[PDB]
Amino acid sequence: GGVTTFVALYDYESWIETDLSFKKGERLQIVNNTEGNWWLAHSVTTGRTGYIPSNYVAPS
């Protein structure tokens, strides 16, 4: 629901077109949701926005 800043725990490479790539340690602003583990995220590093798998991140 809200926005929180998360940190990536592992590298991740976009491969479903709508997902966002990131590197371990990268900070992501994320809107969590309860429908599943794909969350809409925004990289403060790259400026890009897209879905991430929530098991790859943790709150900062």
# chains A, B, ... in the order shown; residues from 1 in each chain; ligands from 1
call {"tool": "residues_around", "arguments": {"residues": "residue A:19", "least_positions_apart": "3", "cutoff": "6 Å", "atoms": "only C-alpha atoms", "output": "list in words"}}
result
residues 14, 16, 50, 51 and 52 of chain A
call {"tool": "closest_atom_pairs", "arguments": {"of": "stretch 7-49 of chain A", "to": "stretch 56-60 of chain A", "cutoff": "6 Å", "atoms": "only C-alpha atoms", "output": "JSON lines"}}
result
{"residue": "A:7", "atom": "CA", "partner": "A:60", "partner_atom": "CA", "distance": 5.4}
{"residue": "A:8", "atom": "CA", "partner": "A:57", "partner_atom": "CA", "distance": 4.4}
{"residue": "A:9", "atom": "CA", "partner": "A:57", "partner_atom": "CA", "distance": 5.3}
{"residue": "A:10", "atom": "CA", "partner": "A:56", "partner_atom": "CA", "distance": 5.9}
call {"tool": "write_last_selection", "arguments": {"atoms": "N, CA, C and O atoms", "output": "CSV table (one decimal), in the first residue's frame"}}
result
chain,number,residue,atom,x,y,z
A,7,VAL,N,16.2,-2.5,0.0
A,7,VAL,CA,17.5,-2.8,-0.6
A,7,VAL,C,17.5,-4.2,-1.2
A,7,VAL,O,16.9,-5.1,-0.7
A,8,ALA,N,18.2,-4.3,-2.4
A,8,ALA,CA,18.2,-5.6,-3.1
A,8,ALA,C,19.3,-6.5,-2.4
A,8,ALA,O,20.4,-6.0,-2.1
A,9,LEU,N,18.9,-7.7,-2.2
A,9,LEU,CA,19.7,-8.7,-1.5
A,9,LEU,C,20.5,-9.5,-2.5
A,9,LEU,O,21.5,-10.1,-2.1
A,10,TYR,N,20.1,-9.5,-3.7
A,10,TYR,CA,20.7,-10.3,-4.8
A,10,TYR,C,20.6,-9.6,-6.1
A,10,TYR,O,19.7,-8.7,-6.2
call {"tool": "residues_around", "arguments": {"residues": "residue A:6", "least_positions_apart": "3", "cutoff": "12 Å", "atoms": "only C-alpha atoms", "output": "ChimeraX atom specification"}}
result
/A:3,9,22,24-32,39-44,52-60
call {"tool": "write_last_selection", "arguments": {"atoms": "N, CA, C and O atoms", "output": "tab-separated table (two decimals), in the first residue's frame"}}
result
chain	number	residue	atom	x	y	z
A	3	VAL	N	4.63	3.42	0.37
A	3	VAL	CA	5.96	3.37	-0.21
A	3	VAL	C	6.98	3.17	0.90
A	3	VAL	O	6.92	3.85	1.92
A	9	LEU	N	18.86	-7.70	-2.15
A	9	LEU	CA	19.72	-8.68	-1.49
A	9	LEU	C	20.53	-9.49	-2.48
A	9	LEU	O	21.52	-10.13	-2.07
A	22	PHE	N	18.17	-5.05	-11.26
A	22	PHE	CA	18.85	-4.37	-10.17
A	22	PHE	C	20.03	-5.22	-9.72
A	22	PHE	O	20.12	-6.42	-10.03
A	24	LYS	N	22.62	-6.26	-6.25
A	24	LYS	CA	22.70	-6.34	-4.80
A	24	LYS	C	23.16	-5.01	-4.23
A	24	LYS	O	24.11	-4.40	-4.73
A	25	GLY	N	22.47	-4.53	-3.21
A	25	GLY	CA	22.78	-3.27	-2.59
A	25	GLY	C	22.03	-2.09	-3.15
A	25	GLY	O	22.02	-1.02	-2.52
A	26	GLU	N	21.40	-2.24	-4.31
A	26	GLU	CA	20.67	-1.13	-4.92
A	26	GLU	C	19.41	-0.81	-4.11
A	26	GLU	O	18.70	-1.71	-3.66
A	27	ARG	N	19.13	0.46	-3.95
A	27	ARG	CA	17.94	0.90	-3.22
A	27	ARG	C	16.76	1.09	-4.17
A	27	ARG	O	16.90	1.71	-5.23
A	28	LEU	N	15.63	0.55	-3.78
A	28	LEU	CA	14.41	0.57	-4.57
A	28	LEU	C	13.27	1.12	-3.73
A	28	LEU	O	13.03	0.65	-2.62
A	29	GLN	N	12.56	2.09	-4.28
A	29	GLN	CA	11.33	2.57	-3.69
A	29	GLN	C	10.21	1.69	-4.20
A	29	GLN	O	10.02	1.58	-5.42
A	30	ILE	N	9.46	1.06	-3.28
A	30	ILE	CA	8.53	0.00	-3.65
A	30	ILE	C	7.17	0.27	-3.01
A	30	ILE	O	7.08	0.62	-1.82
A	31	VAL	N	6.13	0.09	-3.80
A	31	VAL	CA	4.76	-0.04	-3.32
A	31	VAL	C	4.49	-1.53	-3.12
A	31	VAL	O	4.43	-2.30	-4.08
A	32	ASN	N	4.38	-1.96	-1.87
A	32	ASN	CA	4.02	-3.35	-1.65
A	32	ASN	C	2.54	-3.56	-1.93
A	32	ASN	O	1.74	-2.62	-1.94
A	39	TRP	N	5.99	-6.74	-7.00
A	39	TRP	CA	5.70	-5.41	-6.49
A	39	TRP	C	6.22	-4.36	-7.46
A	39	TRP	O	7.30	-4.53	-8.01
A	40	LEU	N	5.52	-3.25	-7.59
A	40	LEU	CA	5.97	-2.15	-8.44
A	40	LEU	C	7.03	-1.33	-7.72
A	40	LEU	O	6.82	-0.87	-6.60
A	41	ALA	N	8.17	-1.14	-8.37
A	41	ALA	CA	9.37	-0.58	-7.76
A	41	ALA	C	10.01	0.46	-8.69
A	41	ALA	O	9.84	0.46	-9.90
A	42	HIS	N	10.78	1.35	-8.07
A	42	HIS	CA	11.48	2.41	-8.77
A	42	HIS	C	12.92	2.45	-8.27
A	42	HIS	O	13.15	2.53	-7.05
A	43	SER	N	13.88	2.33	-9.19
A	43	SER	CA	15.28	2.37	-8.78
A	43	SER	C	15.71	3.81	-8.63
A	43	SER	O	15.62	4.61	-9.57
A	44	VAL	N	16.23	4.16	-7.45
A	44	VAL	CA	16.82	5.48	-7.27
A	44	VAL	C	18.12	5.59	-8.03
A	44	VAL	O	18.54	6.69	-8.37
A	52	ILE	N	9.30	-5.97	-9.45
A	52	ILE	CA	10.37	-6.79	-8.89
A	52	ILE	C	9.77	-7.94	-8.08
A	52	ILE	O	8.64	-7.81	-7.55
A	53	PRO	N	10.50	-9.04	-7.93
A	53	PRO	CA	10.05	-10.14	-7.07
A	53	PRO	C	10.45	-9.87	-5.64
A	53	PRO	O	11.63	-9.69	-5.34
A	54	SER	N	9.47	-9.84	-4.75
A	54	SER	CA	9.71	-9.32	-3.40
A	54	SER	C	10.69	-10.16	-2.59
A	54	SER	O	11.31	-9.64	-1.65
A	55	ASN	N	10.88	-11.44	-2.94
A	55	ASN	CA	11.83	-12.25	-2.19
A	55	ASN	C	13.29	-11.84	-2.44
A	55	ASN	O	14.16	-12.33	-1.74
A	56	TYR	N	13.56	-10.92	-3.39
A	56	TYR	CA	14.90	-10.46	-3.68
A	56	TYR	C	15.29	-9.22	-2.89
A	56	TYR	O	16.41	-8.72	-3.05
A	57	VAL	N	14.39	-8.69	-2.06
A	57	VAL	CA	14.62	-7.40	-1.41
A	57	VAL	C	14.21	-7.49	0.06
A	57	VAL	O	13.56	-8.44	0.49
A	58	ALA	N	14.63	-6.49	0.82
A	58	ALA	CA	14.22	-6.33	2.21
A	58	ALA	C	14.12	-4.84	2.50
A	58	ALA	O	14.79	-4.02	1.86
A	59	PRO	N	13.32	-4.46	3.49
A	59	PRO	CA	13.26	-3.04	3.85
A	59	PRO	C	14.63	-2.52	4.28
A	59	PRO	O	15.44	-3.22	4.89
A	60	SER	N	14.91	-1.27	3.93
A	60	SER	CA	16.20	-0.65	4.26
A	60	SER	C	16.35	-0.31	5.74
A	60	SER	O	15.35	-0.07	6.40
call {"tool": "atom_distance", "arguments": {"atom1": "atom CA of residue A:12", "atom2": "atom CA of residue A:36"}}
result
18.0 Å
call {"tool": "select_by_dssp", "arguments": {"residues": "chain A", "states": "strand (DSSP E)", "output": "list in words"}}
result
residues 3, 4, 5, 6, 7, 8, 27, 28, 29, 30, 31, 38, 39, 40, 41, 42, 43, 49, 50, 51, 52, 53, 57, 58 and 59 of chain A
call {"tool": "write_last_selection", "arguments": {"atoms": "N, CA, C and O atoms", "output": "short mmCIF file (atom, residue, chain, number, x, y, z; two decimals), in the first residue's frame"}}
result
data_model
loop_
_atom_site.label_atom_id
_atom_site.label_comp_id
_atom_site.auth_asym_id
_atom_site.auth_seq_id
_atom_site.Cartn_x
_atom_site.Cartn_y
_atom_site.Cartn_z
N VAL A 3 4.63 3.42 0.37
CA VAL A 3 5.96 3.37 -0.21
C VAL A 3 6.98 3.17 0.90
O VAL A 3 6.92 3.85 1.92
N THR A 4 7.92 2.27 0.67
CA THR A 4 9.06 2.04 1.53
C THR A 4 10.28 1.91 0.64
O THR A 4 10.16 1.48 -0.51
N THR A 5 11.44 2.27 1.17
CA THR A 5 12.70 2.02 0.49
C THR A 5 13.24 0.67 0.92
O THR A 5 13.40 0.40 2.12
N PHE A 6 13.50 -0.18 -0.07
CA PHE A 6 14.05 -1.51 0.10
C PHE A 6 15.48 -1.52 -0.43
O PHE A 6 15.88 -0.63 -1.20
N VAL A 7 16.23 -2.53 -0.02
CA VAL A 7 17.55 -2.80 -0.56
C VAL A 7 17.51 -4.18 -1.21
O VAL A 7 16.93 -5.15 -0.67
N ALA A 8 18.15 -4.29 -2.36
CA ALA A 8 18.24 -5.56 -3.06
C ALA A 8 19.25 -6.45 -2.37
O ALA A 8 20.37 -6.03 -2.07
N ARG A 27 19.13 0.46 -3.95
CA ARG A 27 17.94 0.90 -3.22
C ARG A 27 16.76 1.09 -4.17
O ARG A 27 16.90 1.71 -5.23
N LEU A 28 15.63 0.55 -3.78
CA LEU A 28 14.41 0.57 -4.57
C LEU A 28 13.27 1.12 -3.73
O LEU A 28 13.03 0.65 -2.62
N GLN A 29 12.56 2.09 -4.28
CA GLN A 29 11.33 2.57 -3.69
C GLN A 29 10.21 1.69 -4.20
O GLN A 29 10.02 1.58 -5.42
N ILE A 30 9.46 1.06 -3.28
CA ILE A 30 8.53 0.00 -3.65
C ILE A 30 7.17 0.27 -3.01
O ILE A 30 7.08 0.62 -1.82
N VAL A 31 6.13 0.09 -3.80
CA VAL A 31 4.76 -0.04 -3.32
C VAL A 31 4.49 -1.53 -3.12
O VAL A 31 4.43 -2.30 -4.08
N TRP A 38 5.06 -9.99 -6.77
CA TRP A 38 5.52 -9.01 -7.73
C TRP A 38 5.05 -7.64 -7.27
O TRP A 38 3.84 -7.39 -7.21
N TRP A 39 5.99 -6.74 -7.00
CA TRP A 39 5.70 -5.41 -6.49
C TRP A 39 6.22 -4.36 -7.46
O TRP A 39 7.30 -4.53 -8.01
N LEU A 40 5.52 -3.25 -7.59
CA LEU A 40 5.97 -2.15 -8.44
C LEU A 40 7.03 -1.33 -7.72
O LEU A 40 6.82 -0.87 -6.60
N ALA A 41 8.17 -1.14 -8.37
CA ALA A 41 9.37 -0.58 -7.76
C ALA A 41 10.01 0.46 -8.69
O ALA A 41 9.84 0.46 -9.90
N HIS A 42 10.78 1.35 -8.07
CA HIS A 42 11.48 2.41 -8.77
C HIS A 42 12.92 2.45 -8.27
O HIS A 42 13.15 2.53 -7.05
N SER A 43 13.88 2.33 -9.19
CA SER A 43 15.28 2.37 -8.78
C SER A 43 15.71 3.81 -8.63
O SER A 43 15.62 4.61 -9.57
N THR A 49 11.43 2.20 -13.63
CA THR A 49 10.30 1.71 -12.85
C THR A 49 9.79 0.42 -13.46
O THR A 49 9.63 0.32 -14.68
N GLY A 50 9.53 -0.56 -12.61
CA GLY A 50 8.99 -1.82 -13.09
C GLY A 50 8.80 -2.78 -11.94
O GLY A 50 9.13 -2.47 -10.80
N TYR A 51 8.28 -3.96 -12.25
CA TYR A 51 7.98 -4.93 -11.21
C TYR A 51 9.24 -5.67 -10.74
O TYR A 51 10.13 -5.98 -11.54
N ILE A 52 9.30 -5.97 -9.45
CA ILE A 52 10.37 -6.79 -8.89
C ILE A 52 9.77 -7.94 -8.08
O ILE A 52 8.64 -7.81 -7.55
N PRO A 53 10.50 -9.04 -7.93
CA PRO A 53 10.05 -10.14 -7.07
C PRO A 53 10.45 -9.87 -5.64
O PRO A 53 11.63 -9.69 -5.34
N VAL A 57 14.39 -8.69 -2.06
CA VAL A 57 14.62 -7.40 -1.41
C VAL A 57 14.21 -7.49 0.06
O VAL A 57 13.56 -8.44 0.49
N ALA A 58 14.63 -6.49 0.82
CA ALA A 58 14.22 -6.33 2.21
C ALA A 58 14.12 -4.84 2.50
O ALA A 58 14.79 -4.02 1.86
N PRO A 59 13.32 -4.46 3.49
CA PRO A 59 13.26 -3.04 3.85
C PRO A 59 14.63 -2.52 4.28
O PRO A 59 15.44 -3.22 4.89
#
call {"tool": "closest_residue", "arguments": {"among": "A:13, A:33, A:18, A:23", "to": "residue A:1", "atoms": "only C-alpha atoms"}}
result
A:33
call {"tool": "decode", "arguments": {"residues": "stretch 45-57 of chain A", "atoms": "N, CA and C atoms", "output": "PDB file, in the first residue's frame"}}
result
ATOM      1  N   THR A  45      18.753   4.470  -8.356  1.00  0.00           N
ATOM      2  CA  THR A  45      20.004   4.470  -9.098  1.00  0.00           C
ATOM      3  C   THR A  45      19.773   4.751 -10.583  1.00  0.00           C
ATOM      4  N   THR A  46      18.878   3.995 -11.218  1.00  0.00           N
ATOM      5  CA  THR A  46      18.708   4.091 -12.662  1.00  0.00           C
ATOM      6  C   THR A  46      17.546   4.967 -13.094  1.00  0.00           C
ATOM      7  N   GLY A  47      16.626   5.296 -12.190  1.00  0.00           N
ATOM      8  CA  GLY A  47      15.454   6.029 -12.566  1.00  0.00           C
ATOM      9  C   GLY A  47      14.357   5.211 -13.194  1.00  0.00           C
ATOM     10  N   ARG A  48      14.579   3.931 -13.394  1.00  0.00           N
ATOM     11  CA  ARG A  48      13.621   3.079 -14.071  1.00  0.00           C
ATOM     12  C   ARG A  48      12.592   2.532 -13.090  1.00  0.00           C
ATOM     13  N   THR A  49      11.431   2.200 -13.630  1.00  0.00           N
ATOM     14  CA  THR A  49      10.298   1.713 -12.847  1.00  0.00           C
ATOM     15  C   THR A  49       9.790   0.425 -13.459  1.00  0.00           C
ATOM     16  N   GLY A  50       9.525  -0.561 -12.611  1.00  0.00           N
ATOM     17  CA  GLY A  50       8.985  -1.825 -13.093  1.00  0.00           C
ATOM     18  C   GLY A  50       8.799  -2.781 -11.938  1.00  0.00           C
ATOM     19  N   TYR A  51       8.276  -3.963 -12.252  1.00  0.00           N
ATOM     20  CA  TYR A  51       7.982  -4.935 -11.207  1.00  0.00           C
ATOM     21  C   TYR A  51       9.241  -5.670 -10.743  1.00  0.00           C
ATOM     22  N   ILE A  52       9.300  -5.974  -9.451  1.00  0.00           N
ATOM     23  CA  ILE A  52      10.365  -6.790  -8.894  1.00  0.00           C
ATOM     24  C   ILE A  52       9.766  -7.935  -8.082  1.00  0.00           C
ATOM     25  N   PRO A  53      10.496  -9.045  -7.932  1.00  0.00           N
ATOM     26  CA  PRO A  53      10.050 -10.143  -7.072  1.00  0.00           C
ATOM     27  C   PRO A  53      10.453  -9.869  -5.637  1.00  0.00           C
ATOM     28  N   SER A  54       9.471  -9.838  -4.746  1.00  0.00           N
ATOM     29  CA  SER A  54       9.707  -9.322  -3.399  1.00  0.00           C
ATOM     30  C   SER A  54      10.692 -10.164  -2.594  1.00  0.00           C
ATOM     31  N   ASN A  55      10.879 -11.445  -2.943  1.00  0.00           N
ATOM     32  CA  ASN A  55      11.830 -12.253  -2.193  1.00  0.00           C
ATOM     33  C   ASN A  55      13.288 -11.839  -2.440  1.00  0.00           C
ATOM     34  N   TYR A  56      13.558 -10.919  -3.387  1.00  0.00           N
ATOM     35  CA  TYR A  56      14.898 -10.457  -3.679  1.00  0.00           C
ATOM     36  C   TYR A  56      15.285  -9.217  -2.893  1.00  0.00           C
ATOM     37  N   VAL A  57      14.392  -8.689  -2.062  1.00  0.00           N
ATOM     38  CA  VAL A  57      14.622  -7.403  -1.407  1.00  0.00           C
ATOM     39  C   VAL A  57      14.215  -7.494   0.061  1.00  0.00           C
TER      40      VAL A  57
END
